[PDB]
There are 2 protein chains.
Amino acid sequence: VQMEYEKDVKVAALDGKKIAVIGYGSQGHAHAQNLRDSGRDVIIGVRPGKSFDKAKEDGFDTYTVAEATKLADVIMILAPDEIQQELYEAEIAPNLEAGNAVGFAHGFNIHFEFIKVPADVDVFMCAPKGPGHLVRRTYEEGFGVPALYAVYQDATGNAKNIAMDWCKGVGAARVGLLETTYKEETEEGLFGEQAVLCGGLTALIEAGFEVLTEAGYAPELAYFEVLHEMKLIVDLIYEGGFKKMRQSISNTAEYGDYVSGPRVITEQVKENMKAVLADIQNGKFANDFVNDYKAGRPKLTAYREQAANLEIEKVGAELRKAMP
Amino acid sequence: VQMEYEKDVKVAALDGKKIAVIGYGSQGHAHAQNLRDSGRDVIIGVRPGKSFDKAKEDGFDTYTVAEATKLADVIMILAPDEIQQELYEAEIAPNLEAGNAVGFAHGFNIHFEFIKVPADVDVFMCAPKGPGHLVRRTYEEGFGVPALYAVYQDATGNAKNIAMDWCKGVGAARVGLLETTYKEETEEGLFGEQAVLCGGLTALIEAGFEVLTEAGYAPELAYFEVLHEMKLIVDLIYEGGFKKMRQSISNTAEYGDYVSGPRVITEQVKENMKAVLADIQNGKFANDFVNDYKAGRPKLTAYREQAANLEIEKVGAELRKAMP
Ligand SMILES: NC(=O)c1ccc[n+]([C@@H]2O[C@H](COP(=O)([O-])OP(=O)(O)OC[C@H]3O[C@@H](n4cnc5c(N)ncnc54)[C@H](OP(=O)(O)O)[C@@H]3O)[C@@H](O)[C@H]2O)c1
Ligand SMILES: NC(=O)c1ccc[n+]([C@@H]2O[C@H](COP(=O)([O-])OP(=O)(O)OC[C@H]3O[C@@H](n4cnc5c(N)ncnc54)[C@H](OP(=O)(O)O)[C@@H]3O)[C@@H](O)[C@H]2O)c1
Ligand SMILES: [N+]
């Protein structure tokens, strides 16, 4: 297992395919525009609204989801996670034909089988390691965003070449591709964002800010010491790992890192992470997410309002405004 | 208090002061170069070596530490924390006169009283929220790095104006200043790097990587899901807090953030952080750091060799090499 590049995309499987991109938001605009600049035959299927208008004004032949699917050989579904299933059953599935291919940028609905694509139709994935605006901008500047690719079912024998050529067309093969499975992409992706990148990180910052402000330290200073200075730390890790970061910080900071990291993130925290992982693997989290959507997003509603009221967010907004 | 800027620097207290920067590392070079371009009389004092004539070659009147201190009104000490004390006793303290001012960029040795400056000499601090190369670069490009300032003892009545004019001369007043105390800067700064930015963060990432690889996931994919994509997340928080970050990530990632963050970082984790803070406040951590240095850094030595052997660091180095 090592990374693949344009030279490893040995068949241009998107040649002569009509491509429908379903949705025209962050990913949809990026995938469609990069593919068009790479010379592919791209149309957009999306509901009426600002995405429909933005696609038309960008010069794309723009249809309903149903009509775009009917016209297409390759259909990439970039609606939001919780919308895809209902949109697939009503608008996409009736308009598929044998030998088509359906793509996704994240494996959630296919892996947990909220969507089942018929067995004479390929299912592939190109999952860029970045948001849509970055996927577009790096492409325009001559490189790209690395990506995973996978195939869930291969009816034609062309599903993997289609997946890799998709990655090449959106610029990902310029920087690096990694093959995976739908299962691993979904479970590792959900785990990483929950336990480390998004959940773990924000909860860690928040706990540190609370300890400081509850001990009597000024919150403005606390904002700088647990959040603002994180960017320079993570930039160093991104470029050169823990080694480069620990070379840059003072020796006191470095010694404190080694000594106090393990006091905060303990074996028990690791066990907490294992419980997070288990609820991803057993479908509990997936059902919880979709059930919250079916109920009108009541849990997400309370979470989003509670987050808006956080002291660190209020202090941070005022500081970021006082700082060009 | 909120941020102060160039308009809040009431007195150009460095006017006609002879300024010695002690050390010519990343910070020493940045501080001395910026102050020179701002118009101040800067000389360097450092041990012989490539620092000594890096400075020689950049046109700085360079001297011993003893002789540069003898000549200066303002002496800013930018040597590493564990070196400052022996350097101060042997080389700086005998060459101070009443009415001088001694500066630091971090409060550790003054706050914990490993160094005690005579009561007829001011002690101030300018602590940029950035490393040397960034303090120099941003100044060259027209702005700067924000900074804290503080005064530990004010003999002349000019110590705060000296501190704030030092901020101004290195470019920090162009973007924002926050007054603090030596005690708060030291304690909050040690706490942040230990519990959140450095210690907590690398420990969290490593715990996530361990959970994934021990559950049978390939380390290469795990590296992307707990480390590589953190830069994009932290960049978003830096620009717009949790709110902007959570708008850009998918809806499953955002829901997973709210649900699983608190399962990983629990009340017990917060208690662990409180114990970290207590050992900063009571001097235990500071004495442990200084004592490790006096014993020949045996704890730091074992930490560093263990870190070089981490699986995430080996995998990361290979993947970063495969990604220009
Ligand atoms: N966020 C990330 O960083 C990231 C990274 C990798 C993969 N992904 C995955 O990419 C997919 C999400 O794509 P995205 O980020 O581009 O989402 P998005 O920015 O929120 O855009 C969603 C698009 O789908 C449209 N849409 C919503 N409901 C629709 C419906 N019934 N019928 C037709 N169109 C509809 C929306 O149109 P309107 O404007 O009218 O609402 C919009 O154009 C998910 O699978 C996600 O897991 C996300
Ligand atoms: N790391 C950060 O991002 C950061 C941020 C804010 C504040 N600070 C504080 O900045 C201070 C450290 O400065 P720094 O980052 O510039 O460290 P540095 O890059 O390692 O520079 C150390 C300088 O001091 C010299 N030096 C070492 N021992 C000496 C001795 N006995 N006599 C004379 N000179 C000696 C070194 O010369 P040689 O090259 O010959 O060794 C070198 O020029 C600390 O107080 C730190 O807490 C650091
Ligand atoms: N220091």
# chains A, B, ... in the order shown; residues from 1 in each chain; ligands from 1
>>> residues_around(residues="region 142-150 of chain A", least_positions_apart="4", cutoff="8 Å", atoms="only C-alpha atoms", output="CSV table (one decimal) with N, CA and C atoms, in the first residue's frame")
chain,number,residue,atom,x,y,z
A,124,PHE,N,-18.8,3.5,-7.1
A,124,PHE,CA,-17.5,3.8,-6.9
A,124,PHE,C,-17.4,5.0,-5.9
A,125,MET,N,-16.2,5.4,-5.5
A,125,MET,CA,-16.0,6.5,-4.6
A,125,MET,C,-14.7,7.2,-4.9
A,126,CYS,N,-14.7,8.5,-5.0
A,126,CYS,CA,-13.6,9.4,-4.9
A,126,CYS,C,-13.8,10.3,-3.7
A,127,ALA,N,-12.9,10.2,-2.7
A,127,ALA,CA,-13.1,10.9,-1.5
A,127,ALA,C,-11.9,11.9,-1.2
A,128,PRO,N,-12.0,13.1,-1.7
A,128,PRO,CA,-10.9,14.1,-1.5
A,128,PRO,C,-10.7,14.4,0.0
A,129,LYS,N,-9.4,14.6,0.4
A,129,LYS,CA,-9.1,14.9,1.7
A,129,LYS,C,-9.1,16.4,1.9
A,130,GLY,N,-10.2,17.0,1.6
A,130,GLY,CA,-10.4,18.5,1.7
A,130,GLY,C,-11.8,18.9,1.3
A,134,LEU,N,-11.3,24.0,-1.6
A,134,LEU,CA,-9.9,23.7,-1.7
A,134,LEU,C,-9.7,22.7,-2.9
A,135,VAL,N,-10.5,21.8,-3.1
A,135,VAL,CA,-10.4,20.9,-4.3
A,135,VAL,C,-10.4,21.7,-5.5
A,136,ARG,N,-11.2,22.8,-5.6
A,136,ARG,CA,-11.3,23.6,-6.8
A,136,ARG,C,-10.0,24.5,-6.9
A,137,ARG,N,-9.7,25.1,-5.8
A,137,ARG,CA,-8.6,26.1,-5.8
A,137,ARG,C,-7.2,25.5,-6.1
A,138,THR,N,-6.9,24.3,-5.5
A,138,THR,CA,-5.7,23.7,-5.7
A,138,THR,C,-5.6,23.2,-7.2
A,160,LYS,N,-13.2,0.3,-11.0
A,160,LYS,CA,-11.9,0.8,-10.5
A,160,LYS,C,-11.3,1.9,-11.4
A,163,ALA,N,-13.2,5.0,-11.1
A,163,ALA,CA,-12.9,5.6,-9.9
A,163,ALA,C,-11.6,6.4,-9.9
A,164,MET,N,-10.6,5.7,-10.4
A,164,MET,CA,-9.3,6.4,-10.5
A,164,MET,C,-9.3,7.5,-11.6
A,167,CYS,N,-10.7,10.6,-10.0
A,167,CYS,CA,-9.7,11.2,-9.2
A,167,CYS,C,-8.7,12.0,-10.0
A,170,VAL,N,-10.4,15.3,-11.3
A,170,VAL,CA,-10.6,16.4,-10.4
A,170,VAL,C,-9.2,16.8,-9.8
A,171,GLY,N,-8.1,16.3,-10.3
A,171,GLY,CA,-6.8,16.8,-9.9
A,171,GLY,C,-6.2,16.0,-8.8
A,172,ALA,N,-6.8,15.1,-8.2
A,172,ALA,CA,-6.3,14.4,-7.0
A,172,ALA,C,-5.1,13.5,-7.4
A,173,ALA,N,-5.0,13.0,-8.6
A,173,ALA,CA,-3.9,12.1,-8.9
A,173,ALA,C,-2.6,12.9,-9.1
A,174,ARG,N,-2.7,14.3,-9.3
A,174,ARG,CA,-1.5,15.1,-9.3
A,174,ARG,C,-0.8,15.0,-7.9
A,175,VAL,N,-1.4,14.7,-6.8
A,175,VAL,CA,-0.7,14.8,-5.5
A,175,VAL,C,-0.7,13.4,-4.8
A,176,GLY,N,-1.6,12.5,-5.1
A,176,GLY,CA,-1.6,11.2,-4.5
A,176,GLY,C,-2.9,10.6,-4.2
A,177,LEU,N,-3.0,9.3,-4.6
A,177,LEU,CA,-4.3,8.5,-4.4
A,177,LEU,C,-4.0,7.3,-3.5
A,178,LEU,N,-4.9,6.9,-2.7
A,178,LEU,CA,-4.8,5.7,-1.8
A,178,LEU,C,-6.1,4.9,-2.0
A,179,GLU,N,-5.9,3.7,-2.5
A,179,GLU,CA,-7.1,2.8,-2.6
A,179,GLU,C,-7.5,2.3,-1.2
A,180,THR,N,-8.8,2.2,-1.0
A,180,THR,CA,-9.4,1.6,0.2
A,180,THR,C,-10.7,0.9,-0.1
A,181,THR,N,-11.4,0.5,1.0
A,181,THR,CA,-12.7,-0.1,0.8
A,181,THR,C,-13.8,0.9,1.3
A,182,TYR,N,-15.0,0.7,0.8
A,182,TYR,CA,-16.1,1.5,1.3
A,182,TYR,C,-16.2,1.3,2.9
A,185,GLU,N,-13.1,3.3,4.5
A,185,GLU,CA,-13.3,4.8,4.4
A,185,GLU,C,-14.4,5.3,5.3
>>> closest_atom_pairs(of="chain A", to="ligand 2", cutoff="7 Å", atoms="only C-alpha atoms and all ligand atoms", output="Markdown table")
| residue | atom | partner | partner_atom_place_in_ligand_line | distance |
| --- | --- | --- | --- | --- |
| A:248 | CA | ligand 2 | 1 (N) | 5.7 |
| A:249 | CA | ligand 2 | 1 (N) | 3.9 |
| A:250 | CA | ligand 2 | 1 (N) | 3.9 |
>>> residues_near_ligand(ligand="ligand 1", cutoff="6 Å", atoms="only C-alpha atoms and all ligand atoms", output="PyMOL selection string")
(chain A and resi 23-28+46-47+49-51+78-81+83+87+105-106+127-128+130-131) or (chain B and resi 248-250)
>>> write_last_selection(atoms="N, CA and C atoms", output="PDB file, in the first residue's frame")
ATOM      1  N   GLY A  23     -26.275  17.710  -7.282  1.00  0.00           N
ATOM      2  CA  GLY A  23     -25.898  18.757  -6.360  1.00  0.00           C
ATOM      3  C   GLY A  23     -24.905  19.725  -6.989  1.00  0.00           C
ATOM      4  N   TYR A  24     -24.848  20.932  -6.437  1.00  0.00           N
ATOM      5  CA  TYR A  24     -23.894  21.918  -6.931  1.00  0.00           C
ATOM      6  C   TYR A  24     -23.449  22.822  -5.793  1.00  0.00           C
ATOM      7  N   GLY A  25     -23.164  22.223  -4.636  1.00  0.00           N
ATOM      8  CA  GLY A  25     -22.613  22.938  -3.501  1.00  0.00           C
ATOM      9  C   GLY A  25     -21.093  22.930  -3.498  1.00  0.00           C
ATOM     10  N   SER A  26     -20.484  22.730  -2.328  1.00  0.00           N
ATOM     11  CA  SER A  26     -19.029  22.813  -2.215  1.00  0.00           C
ATOM     12  C   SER A  26     -18.345  21.779  -3.104  1.00  0.00           C
ATOM     13  N   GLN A  27     -18.642  20.499  -2.877  1.00  0.00           N
ATOM     14  CA  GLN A  27     -18.027  19.439  -3.672  1.00  0.00           C
ATOM     15  C   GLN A  27     -18.564  19.452  -5.093  1.00  0.00           C
ATOM     16  N   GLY A  28     -19.887  19.570  -5.240  1.00  0.00           N
ATOM     17  CA  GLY A  28     -20.480  19.497  -6.562  1.00  0.00           C
ATOM     18  C   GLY A  28     -19.890  20.504  -7.528  1.00  0.00           C
ATOM     19  N   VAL A  46     -29.874  19.188 -10.141  1.00  0.00           N
ATOM     20  CA  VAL A  46     -30.082  19.797  -8.831  1.00  0.00           C
ATOM     21  C   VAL A  46     -31.483  20.398  -8.804  1.00  0.00           C
ATOM     22  N   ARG A  47     -32.017  20.589  -7.594  1.00  0.00           N
ATOM     23  CA  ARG A  47     -33.334  21.176  -7.400  1.00  0.00           C
ATOM     24  C   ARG A  47     -33.289  22.677  -7.675  1.00  0.00           C
ATOM     25  N   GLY A  49     -33.320  26.646  -6.988  1.00  0.00           N
ATOM     26  CA  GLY A  49     -32.724  27.441  -5.938  1.00  0.00           C
ATOM     27  C   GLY A  49     -31.411  28.040  -6.405  1.00  0.00           C
ATOM     28  N   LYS A  50     -30.605  28.480  -5.438  1.00  0.00           N
ATOM     29  CA  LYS A  50     -29.371  29.186  -5.773  1.00  0.00           C
ATOM     30  C   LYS A  50     -28.332  28.266  -6.409  1.00  0.00           C
ATOM     31  N   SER A  51     -28.343  26.967  -6.071  1.00  0.00           N
ATOM     32  CA  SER A  51     -27.426  26.035  -6.728  1.00  0.00           C
ATOM     33  C   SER A  51     -27.779  25.856  -8.199  1.00  0.00           C
ATOM     34  N   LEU A  78     -23.639  14.215  -4.826  1.00  0.00           N
ATOM     35  CA  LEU A  78     -23.074  15.142  -3.851  1.00  0.00           C
ATOM     36  C   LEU A  78     -24.167  15.989  -3.187  1.00  0.00           C
ATOM     37  N   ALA A  79     -25.269  15.350  -2.821  1.00  0.00           N
ATOM     38  CA  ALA A  79     -26.250  15.936  -1.919  1.00  0.00           C
ATOM     39  C   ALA A  79     -25.781  15.721  -0.486  1.00  0.00           C
ATOM     40  N   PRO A  80     -26.364  16.414   0.489  1.00  0.00           N
ATOM     41  CA  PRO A  80     -25.927  16.198   1.872  1.00  0.00           C
ATOM     42  C   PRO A  80     -26.257  14.784   2.346  1.00  0.00           C
ATOM     43  N   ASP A  81     -25.431  14.291   3.280  1.00  0.00           N
ATOM     44  CA  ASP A  81     -25.509  12.903   3.744  1.00  0.00           C
ATOM     45  C   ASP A  81     -26.939  12.467   4.028  1.00  0.00           C
ATOM     46  N   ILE A  83     -29.825  13.699   3.051  1.00  0.00           N
ATOM     47  CA  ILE A  83     -30.778  13.879   1.964  1.00  0.00           C
ATOM     48  C   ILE A  83     -30.654  12.780   0.897  1.00  0.00           C
ATOM     49  N   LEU A  87     -33.565  11.214  -1.936  1.00  0.00           N
ATOM     50  CA  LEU A  87     -33.320  11.712  -3.283  1.00  0.00           C
ATOM     51  C   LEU A  87     -32.974  10.574  -4.233  1.00  0.00           C
ATOM     52  N   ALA A 105     -18.766  10.653  -2.627  1.00  0.00           N
ATOM     53  CA  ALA A 105     -17.538  11.184  -2.040  1.00  0.00           C
ATOM     54  C   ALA A 105     -17.355  10.776  -0.583  1.00  0.00           C
ATOM     55  N   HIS A 106     -18.269   9.990  -0.040  1.00  0.00           N
ATOM     56  CA  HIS A 106     -18.158   9.437   1.301  1.00  0.00           C
ATOM     57  C   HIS A 106     -19.049   8.208   1.304  1.00  0.00           C
ATOM     58  N   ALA A 127     -12.915  10.170  -2.681  1.00  0.00           N
ATOM     59  CA  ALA A 127     -13.088  10.942  -1.450  1.00  0.00           C
ATOM     60  C   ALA A 127     -11.908  11.876  -1.229  1.00  0.00           C
ATOM     61  N   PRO A 128     -11.988  13.120  -1.691  1.00  0.00           N
ATOM     62  CA  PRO A 128     -10.880  14.055  -1.477  1.00  0.00           C
ATOM     63  C   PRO A 128     -10.689  14.355  -0.003  1.00  0.00           C
ATOM     64  N   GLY A 130     -10.240  17.024   1.572  1.00  0.00           N
ATOM     65  CA  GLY A 130     -10.402  18.457   1.655  1.00  0.00           C
ATOM     66  C   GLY A 130     -11.799  18.896   1.269  1.00  0.00           C
ATOM     67  N   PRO A 131     -12.178  20.103   1.681  1.00  0.00           N
ATOM     68  CA  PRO A 131     -13.484  20.647   1.300  1.00  0.00           C
ATOM     69  C   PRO A 131     -13.475  21.115  -0.149  1.00  0.00           C
TER      70      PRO A 131
ATOM     71  N   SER B 248     -18.359  24.041   7.574  1.00  0.00           N
ATOM     72  CA  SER B 248     -17.691  23.510   6.389  1.00  0.00           C
ATOM     73  C   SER B 248     -17.704  21.976   6.350  1.00  0.00           C
ATOM     74  N   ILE B 249     -17.628  21.309   7.513  1.00  0.00           N
ATOM     75  CA  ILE B 249     -17.615  19.837   7.515  1.00  0.00           C
ATOM     76  C   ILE B 249     -19.012  19.302   7.187  1.00  0.00           C
ATOM     77  N   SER B 250     -19.068  18.021   6.796  1.00  0.00           N
ATOM     78  CA  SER B 250     -20.329  17.411   6.393  1.00  0.00           C
ATOM     79  C   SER B 250     -21.275  17.349   7.582  1.00  0.00           C
TER      80      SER B 250
END
>>> atom_distance(atom1="CA of residue 103 (chain A)", atom2="CA of residue 76 (chain A)")
4.3 Å
>>> atom_distance(atom1="CA of residue 166 (chain B)", atom2="CA of residue 123 (chain B)")
12.6 Å
>>> closest_residue(among="B:267, B:113, B:225, B:97", to="ligand 3", atoms="only C-alpha atoms and all ligand atoms")
B:113
>>> closest_residue(among="A:313, A:284, A:262, A:88", to="residue 237 (chain B)", atoms="only C-alpha atoms")
A:313
>>> closest_atom_pairs(of="chain A", to="ligand 3", cutoff="10 Å", atoms="only C-alpha atoms and all ligand atoms", output="Markdown table")
| residue | atom | partner | partner_atom_place_in_ligand_line | distance |
| --- | --- | --- | --- | --- |
| A:250 | CA | ligand 3 | 1 (N) | 8.1 |
| A:251 | CA | ligand 3 | 1 (N) | 9.3 |
| A:252 | CA | ligand 3 | 1 (N) | 7.8 |
| A:253 | CA | ligand 3 | 1 (N) | 9.6 |
>>> write_last_selection(atoms="C-alpha atoms", output="short mmCIF file (atom, residue, chain, number, x, y, z; two decimals), in the first residue's frame")
data_model
loop_
_atom_site.label_atom_id
_atom_site.label_comp_id
_atom_site.auth_asym_id
_atom_site.auth_seq_id
_atom_site.Cartn_x
_atom_site.Cartn_y
_atom_site.Cartn_z
CA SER A 250 10.82 25.86 23.43
CA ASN A 251 12.45 23.13 25.50
CA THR A 252 10.06 23.93 28.35
CA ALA A 253 7.06 23.52 26.04
#
>>> closest_atom_pairs(of="chain B", to="chain A", cutoff="6 Å", atoms="only C-alpha atoms", output="tab-separated table")
residue	atom	partner	partner_atom	distance
B:189	CA	A:225	CA	5.9
B:192	CA	A:225	CA	5.0
B:194	CA	A:257	CA	5.1
B:196	CA	A:226	CA	5.9
B:197	CA	A:230	CA	5.6
B:198	CA	A:257	CA	5.2
B:199	CA	A:257	CA	3.7
B:200	CA	A:261	CA	4.7
B:203	CA	A:261	CA	5.3
B:207	CA	A:270	CA	5.9
B:225	CA	A:192	CA	5.0
B:226	CA	A:192	CA	5.1
B:228	CA	A:238	CA	5.9
B:230	CA	A:197	CA	5.6
B:231	CA	A:234	CA	5.8
B:234	CA	A:231	CA	5.9
B:238	CA	A:228	CA	6.0
B:256	CA	A:194	CA	5.1
B:257	CA	A:199	CA	3.8
B:260	CA	A:194	CA	5.4
B:261	CA	A:199	CA	3.7
B:264	CA	A:272	CA	5.3
B:265	CA	A:203	CA	6.0
B:269	CA	A:264	CA	5.9
B:270	CA	A:207	CA	5.9
B:272	CA	A:264	CA	5.3
B:273	CA	A:264	CA	5.9
>>> write_last_selection(atoms="N, CA, C and O atoms", output="compact mmCIF listing (two decimals), in the first residue's frame")
# COMPACT_ATOMS: atom_id res chain seq x y z
N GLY B 189 0.45 30.02 29.90
CA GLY B 189 1.25 29.59 28.76
C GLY B 189 1.72 28.16 28.91
O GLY B 189 1.59 27.36 27.98
N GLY B 192 -1.50 25.90 28.62
CA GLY B 192 -2.02 25.71 27.27
C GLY B 192 -1.20 24.72 26.46
O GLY B 192 -1.75 23.80 25.86
N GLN B 194 0.81 22.43 27.56
CA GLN B 194 0.76 21.10 28.17
C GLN B 194 -0.60 20.43 28.00
O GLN B 194 -0.67 19.27 27.57
N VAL B 196 -3.36 21.32 26.11
CA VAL B 196 -4.13 21.47 24.88
C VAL B 196 -3.23 21.45 23.64
O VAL B 196 -3.30 20.51 22.84
N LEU B 197 -2.39 22.49 23.46
CA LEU B 197 -1.76 22.72 22.15
C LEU B 197 -0.76 21.63 21.79
O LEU B 197 -0.71 21.18 20.65
N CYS B 198 0.08 21.22 22.74
CA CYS B 198 1.21 20.34 22.44
C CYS B 198 0.97 18.97 23.06
O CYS B 198 0.84 17.99 22.34
N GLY B 199 0.93 18.89 24.38
CA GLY B 199 0.72 17.65 25.08
C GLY B 199 -0.62 17.01 24.79
O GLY B 199 -0.68 15.90 24.27
N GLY B 200 -1.72 17.70 25.11
CA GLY B 200 -3.03 17.12 24.87
C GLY B 200 -3.24 16.76 23.41
O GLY B 200 -3.78 15.69 23.11
N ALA B 203 -1.06 13.73 22.14
CA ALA B 203 -1.53 12.52 22.82
C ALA B 203 -2.88 12.06 22.26
O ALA B 203 -3.12 10.86 22.11
N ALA B 207 -3.52 8.56 20.39
CA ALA B 207 -4.49 7.61 20.90
C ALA B 207 -5.45 7.18 19.79
O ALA B 207 -5.72 5.99 19.64
N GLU B 225 -6.70 10.22 8.52
CA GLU B 225 -7.94 10.45 9.25
C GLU B 225 -7.75 11.02 10.65
O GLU B 225 -8.72 11.51 11.23
N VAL B 226 -6.56 10.95 11.24
CA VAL B 226 -6.35 11.56 12.56
C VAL B 226 -5.31 12.67 12.56
O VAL B 226 -5.18 13.35 13.59
N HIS B 228 -3.40 14.24 9.09
CA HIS B 228 -3.23 15.07 7.90
C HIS B 228 -4.35 16.09 7.75
O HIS B 228 -4.11 17.26 7.46
N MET B 230 -6.13 17.42 10.01
CA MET B 230 -6.34 18.35 11.11
C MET B 230 -6.01 19.79 10.72
O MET B 230 -6.62 20.72 11.25
N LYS B 231 -5.06 19.98 9.80
CA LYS B 231 -4.67 21.35 9.42
C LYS B 231 -5.85 22.15 8.89
O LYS B 231 -6.06 23.31 9.28
N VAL B 234 -8.19 23.05 11.88
CA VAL B 234 -7.66 24.07 12.79
C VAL B 234 -7.56 25.41 12.08
O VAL B 234 -7.79 26.46 12.69
N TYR B 238 -9.23 28.78 13.51
CA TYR B 238 -8.41 29.98 13.62
C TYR B 238 -9.10 31.18 13.00
O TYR B 238 -9.07 32.28 13.56
N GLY B 256 -21.40 13.92 14.49
CA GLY B 256 -20.44 13.11 15.22
C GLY B 256 -19.58 13.92 16.19
O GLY B 256 -19.24 13.44 17.27
N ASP B 257 -19.21 15.15 15.79
CA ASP B 257 -18.49 16.09 16.66
C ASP B 257 -19.26 16.32 17.96
O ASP B 257 -18.72 16.14 19.07
N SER B 260 -19.80 12.75 19.95
CA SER B 260 -18.70 11.91 20.41
C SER B 260 -17.60 12.69 21.12
O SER B 260 -16.88 12.10 21.94
N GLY B 261 -17.44 13.99 20.84
CA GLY B 261 -16.50 14.83 21.57
C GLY B 261 -16.61 14.66 23.08
O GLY B 261 -15.61 14.43 23.78
N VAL B 264 -15.36 11.33 24.58
CA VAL B 264 -13.90 11.17 24.61
C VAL B 264 -13.26 12.08 25.67
O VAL B 264 -12.42 11.65 26.46
N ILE B 265 -13.60 13.36 25.67
CA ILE B 265 -13.08 14.31 26.64
C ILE B 265 -14.18 14.47 27.69
O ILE B 265 -15.14 15.21 27.49
N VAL B 269 -11.36 13.81 32.28
CA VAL B 269 -10.28 14.48 31.55
C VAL B 269 -10.09 15.88 32.09
O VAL B 269 -8.96 16.32 32.31
N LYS B 270 -11.19 16.59 32.35
CA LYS B 270 -11.09 17.94 32.90
C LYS B 270 -10.41 17.93 34.27
O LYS B 270 -9.59 18.81 34.56
N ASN B 272 -8.20 15.71 35.16
CA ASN B 272 -6.80 15.50 34.82
C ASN B 272 -6.11 16.81 34.48
O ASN B 272 -4.97 17.05 34.90
N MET B 273 -6.76 17.65 33.68
CA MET B 273 -6.22 18.98 33.35
C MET B 273 -6.03 19.83 34.60
O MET B 273 -5.06 20.60 34.70
>>> select_by_dssp(residues="region 157-315 of chain B", states="alpha helix (DSSP H)", output="number ranges by chain")
B: 159-169, 182-191, 199-214, 219-223, 230-248, 251-264, 267-281, 284-294, 298-308, 311-315
>>> atom_distance(atom1="CA of residue 161 (chain B)", atom2="CA of residue 22 (chain B)")
20.8 Å
>>> residues_around(residues="residue 121 (chain B)", least_positions_apart="5", cutoff="12 Å", atoms="only C-alpha atoms", output="ChimeraX atom specification")
/B:73-75,93,95-103,116,151-159
>>> select_by_dssp(residues="region 10-222 of chain A", states="strand (DSSP E or B)", output="MDAnalysis selection string")
chainID A and resid 18:22 41:45 62:63 74:77 101:104 122:128 147:153 177:179
>>> residues_around(residues="residue 37 (chain B)", least_positions_apart="3", cutoff="12 Å", atoms="only C-alpha atoms", output="PyMOL selection string")
chain B and resi 30-34+40-42+136+139-140+142+168-171
>>> write_last_selection(atoms="C-alpha atoms", output="mmCIF file, in the first residue's frame")
data_model
loop_
_atom_site.group_PDB
_atom_site.id
_atom_site.type_symbol
_atom_site.label_atom_id
_atom_site.label_comp_id
_atom_site.auth_asym_id
_atom_site.auth_seq_id
_atom_site.Cartn_x
_atom_site.Cartn_y
_atom_site.Cartn_z
ATOM 1 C CA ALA B 30 13.738 38.761 14.700
ATOM 2 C CA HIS B 31 13.604 41.201 17.632
ATOM 3 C CA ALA B 32 16.929 42.888 16.827
ATOM 4 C CA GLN B 33 16.273 43.211 13.077
ATOM 5 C CA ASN B 34 12.758 44.642 13.542
ATOM 6 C CA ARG B 40 16.444 51.822 17.484
ATOM 7 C CA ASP B 41 20.080 51.407 18.545
ATOM 8 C CA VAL B 42 20.503 47.622 18.790
ATOM 9 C CA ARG B 136 10.486 38.933 11.302
ATOM 10 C CA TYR B 139 7.077 42.866 10.070
ATOM 11 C CA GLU B 140 8.782 42.894 6.661
ATOM 12 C CA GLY B 142 3.897 45.512 6.731
ATOM 13 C CA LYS B 168 5.688 48.620 18.844
ATOM 14 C CA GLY B 169 9.271 48.312 17.606
ATOM 15 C CA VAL B 170 8.936 44.616 16.743
ATOM 16 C CA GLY B 171 5.632 45.163 14.886
#
>>> decode(residues="region 63-82 of chain B", atoms="C-alpha atoms", output="short mmCIF file (atom, residue, chain, number, x, y, z; two decimals), in the first residue's frame")
data_model
loop_
_atom_site.label_atom_id
_atom_site.label_comp_id
_atom_site.auth_asym_id
_atom_site.auth_seq_id
_atom_site.Cartn_x
_atom_site.Cartn_y
_atom_site.Cartn_z
CA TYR B 63 30.07 41.62 21.71
CA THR B 64 30.31 39.19 24.58
CA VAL B 65 27.20 38.88 26.70
CA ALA B 66 29.11 40.65 29.49
CA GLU B 67 30.25 43.55 27.32
CA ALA B 68 26.93 44.04 25.50
CA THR B 69 25.13 44.22 28.86
CA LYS B 70 27.68 46.74 30.17
CA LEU B 71 26.95 49.08 27.25
CA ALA B 72 23.14 48.84 27.20
CA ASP B 73 20.22 50.61 28.86
CA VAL B 74 17.75 47.89 27.78
CA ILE B 75 18.80 44.21 27.78
CA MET B 76 16.41 41.65 26.22
CA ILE B 77 17.32 38.05 27.07
CA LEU B 78 16.46 35.59 24.29
CA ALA B 79 18.37 32.47 25.27
CA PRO B 80 16.71 29.11 26.00
CA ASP B 81 14.87 28.85 29.32
CA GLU B 82 17.23 26.32 30.90
#
